[PDB]
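Report on the structure given below.
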Ligand SMILES: Nc1ncnc2c1ncn2[C@@H]1O[C@H](COP(=O)(O)OP(=O)(O)O)[C@@H](O)[C@H]1O
Ligand SMILES: Nc1ncnc2c1ncn2[C@@H]1O[C@H](COP(=O)(O)OP(=O)(O)O)[C@@H](O)[C@H]1O
Ligand SMILES: [Mg+2]
Ligand SMILES: [Mg+2]
């Protein structure tokens with residue numbers, strides 16, 4: 001709801017202020033194409049990795065506080081918002097251009113047959129999407145590369161939740177192999193020690209301790225991971241000795257997840273800023289190239305002189321516009337592309353378009369970050 | 001007290017039954033010398049490794065339930081039993097032949113000046129000895145190799161206790177370097193998470209979790225370590241939310257330490273058994289060598305034939321005495337030593353002496369293990 005206003009504000013600011021400066025200097029043919037409305041309406045995703053019978057399917061029902069189609073308390077499920085409670089098989093989901101699952105077609109039927117999108121109107125899903133994963137075992141035989149599909153979600157997911165069972169902590173080689181496939185994205189990982197009320201207090205310490213022991217043994221990062229310890233479902237507690245703990249841990253978890261759409265808003269706001277800066281540089285470059293072109297003859301001779309002297313051009317522009325060499329595009333990649341452009345057809349500099357962007361960066365953004373601040 | 005009877009029983013059984021079979025065939029000149037009474041009166045030792053201000057000195061006062069000389073709540077201290085409360089500086093301790101600290105002389109004054117033996121009549125010390133260690137810091141500058149002296153205690157100690165502070169868990173590089181020096185003896189290690197009542201329940205989980213995380217990150221062993229979580233001193237509890245836990249953990253700790261003298265008794269009982277078996281083999285070998293020697297001439301010629309055919313002798317004896325080739329001494333090491341012996345001066349086989357040992361192994365040991373069983 002509130003972050004749908006943020007989404008609208010970003011799209012608006014981009015189309016009114018940034019996009020015209022990209023189109024004026026063919027930004028989209030050099031670097032990246034125009035941003036579609038899909039680039040803005042992204043809800044942060046969560047990947048649930050956990051062995052069989054850990055409680056992932058219940059964990060989802062616990063957050064949503066509601067059932068979802070084809071939940072059945074094994075395959076991949078993408079739980080997302082939807083006007084009506086419905087289910088979409090994977091073979092059809094990977095064709096939907098309004099879904100991030102279009103690239104998943106590379107794994108094929110053996111995977112698609114074990115892939116589904118369950119939709120339902122639920123508050124949680126208005127803000128984020130949950131991707132359940134098949135329960136890892138503790139033999140093997142899947143007609144798709146299970147460790148590569150897991151890897152693929154991890155790179156496009158905002159949060160990864162390793163799920164472990166305090167009643168039966170049995171980290172398997174397959175699970176460990178999956179965790180080693182998530183490395184390089186440890187900041188996305190959190191852990192959940194479920195069914196904590198099933199064991200007595202001493203046993204919880206042995207299990208929880210043996211968990212961290214073997215995790216750090218695997219991830220080999222000085223940055224210890226966060227483990228939310230509790231019993232995550234609607235049922236009563238068995239071993240109430242740590243009731244207060246399990247409740248604070250659940251609140252710490254709800255706060256983590258509830259922050260994801262906010263963190264995403266900022267990430268998008270920063271990406272829009274960086275894009276708007278790159279567009280400025282691109283406009284200053286093309287403009288200078290146009291400025292120097294002769295009024296009539298020696299056009300192809302001047303074009304090649306500019307391309308060869310492009311490194312000097314960069315420094316020329318950095319100084320007379322106080323801009324960083326960091327948001328400049330790579331020198332050689334430009335030169336390779338500037339070969340294919342009639343320099344004389346470029347547009348002279350349009351101060352009207354740059355002012356529109358600089359007025360966005362100085363004034364218009366301070367308010368959005370204020371709209372994000374009001375959680 | 002009770003394990004002083006075990007000590008006496010072992011010494012008695014060795015002197016009455018084993019030692020005469022070793023002396024009859026010069027066992028002590030080939031393999032290992034006669035066992036002194038010191039070889040039996042060993043009390044298991046404990047090495048306390050822990051950073052500064054963790055509470056080691058209090059931890060010791062907690063177990064003993066009593067002060068000890070020069071405790072001062074930094075240097076090595078060997079807390080051991082003693083008729084009277086006294087203190088012995090290190091420069092004099094390393095000269096005492098009735099102390100295992102005679103080899104420590106290799107590190108010298110810079111270490112000896114930071115080494116002491118505090119004695120006192122205390123029940124705990126009748127059974128075991130505690131070796132406090134200087135508090136590791138969290139700079140460096142000691143005039144002795146701190147990581148080599150620690151290593152030296154670890155190899156002769158029965159139990160190593162890593163001590164950590166839940167109020168300020170700051171594993172330092174020096175401490176980690178020490179823990180890496182204990183590897184290869186992980187079975188001796190236990191951990192103690194002290195001051196657990198100082199933090200709230202959630203913070204305990206973060207600290208305890210971060211501990212195991214970085215420990216397994218260091219020791220790299222699939223065998224997770226045991227961490228006794230509590231507040232180990234006579235004072236009341238601050239955060240009573242986990243009173244029951246901290247009490248069971250302390251009892252689990254007292255049971256671990258209280259078992260050490262029993263485990264040692266068994267280790268000695270097994271070592272005596274293995275020695276008595278090796279003595280038998282040695283007696284059968286020397287006897288056979290004597291048996292084959294000619295009654296008069298060709299003595300040096302026969303001696304060399306036997307030594308060369310000694311591998312065949314081993315198999316000859318293994319079969320006609322149903323004994324394992326495992327407790328046989330190395331073939332070549334014997335041959336190198338059998339050069340220096342007038343074979344004709346050996347003694348013929350003495351069935352009287354072997355029966356004395358076999359009667360010890362069949363009958364006399366079943367009772368000692370019963371004396372150990374009665375904890
Ligand atoms: N918080 C909990 N405490 C104890 N048992 C639970 C809890 N949550 C789920 N379970 C049990 O664990 C089983 C596994 O549930 P499910 O989530 O379907 O498996 P998976 O997590 O592998 O999808 C269920 O039968 C349920 O009864
Ligand atoms: N169980 C405990 N809980 C809280 N504080 C403690 C506990 N035991 C000791 N302390 C405090 O920690 C400090 C360090 O004590 P000491 O054992 O002398 O240091 P070290 O362990 O480095 O020898 C002491 O001043 C004491 O007040
Ligand atoms: Mg599931
Ligand atoms: Mg101390």
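Methodologically, a virtual Cβ is constructed for each residue, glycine included, from the backbone with ideal geometry; neighbour enumeration extends over all protein chains shown. What follows draws every value from the coordinates through simple rules; no lab data is involved.
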Percent antiparallel among DSSP beta bridges confined to the protein assembly as shown, rounded to 5, stands at 25 percent
The alpha-carbon center of the stretch A:279-337 and that of the stretch A:72-86 are separated, in whole Å, by 51 Å
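Any chance you could list the semi-axes, whole Å, largest first, of the equivalent ellipsoid that the Cα gyration tensor gives for the stretch B:121-166, using √(5λ)? Could you put the intermediate results ahead of the total?
On the way: eigenvalues 114, 43, 23 Å².
Semi-axis lengths for the stretch B:121-166 are 24, 15, 11 Å.
Just to be sure I understand: if I project the alpha-carbon convex hull of the protein assembly as shown onto a plane and average over all orientations, what area do I get in nm²?
Averaged projected area of the protein assembly as shown's Cα convex hull equals 49.8 nm².
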For chain A, the Cα convex hull volume per residue in Å³ comes to 172 Å³
Residues B:48, B:19 in order from fewest to most other beta-carbon atoms within 10 Å are B:19, B:48
Output row, site residue A:337, 7 Å Cα→C-beta label point, backbone N cut-off 20 Å, window the stretch A:262-277, residues A:271-277
Mean Cβ-within-10 Å packing, highest first, puts peptides A:109-122, B:78-91, A:304-317 in the order A:109-122, B:78-91, A:304-317
With a Förster distance of 30 angstrom and the Cβ-Cβ distance between residue A:156 and residue A:373, calculated FRET efficiency to the nearest 0.05 equals 0.65
Between the modelled labels at residue B:356 and residue A:330 (7 Å from Cα along Cα→Cβ) the distance in nm is 8.8 nm
Counted neighbours (other Cβ, 10 Å), sorted fewest up, put B:218, A:192 in the order B:218, A:192
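Using the Cα atoms of the stretch A:46-260 to build a convex hull, what is its mean projected area in square nanometres?
Projected over every direction and averaged, the Cα hull of the stretch A:46-260 covers 11.6 nm².
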Stokes-Einstein D for the stretch B:63-111 (10 °C, 1.306 mPa s, Kirkwood Rh from Cα pairs), in µm²/s, comes to 128 µm²/s
The alpha-carbon center of the stretch B:153-196 and that of the stretch A:49-64 are separated, in whole Å, by 37 Å
Zone reached by a paramagnetic label modelled 7 Å from residue A:223 Cα along Cα→Cβ, restricted to the stretch A:139-172 with backbone N below 17 Å, covers A:154-162
The distance between the Cα centres of the stretch B:340-372 and the stretch B:9-29, in whole Å, is 8 Å
Expected unfolding gain across residue B:176-residue B:203 under the 0.36 nm per residue rule, minus the alpha-carbon gap, is 7.5 nm
Taking the label point 7 Å from Cα along the Cα-Cβ vector, the copy-to-copy distances for residue A:236, listed from shortest in nm with one decimal, are 3.3
Within the stretch B:135-158, the residues whose backbone N lies under 15 Å from a label point placed 7 Å from the Cα of residue B:187 along the Cα-to-Cβ direction are B:155-158
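Sorting A:56, B:345, A:303 on the 10 Å Cβ count, fewest up front, what's the list?
Numbers: A:56 26, B:345 9, A:303 20.
Fewest-to-most Cβ neighbours within 10 Å comes out as B:345, A:303, A:56.
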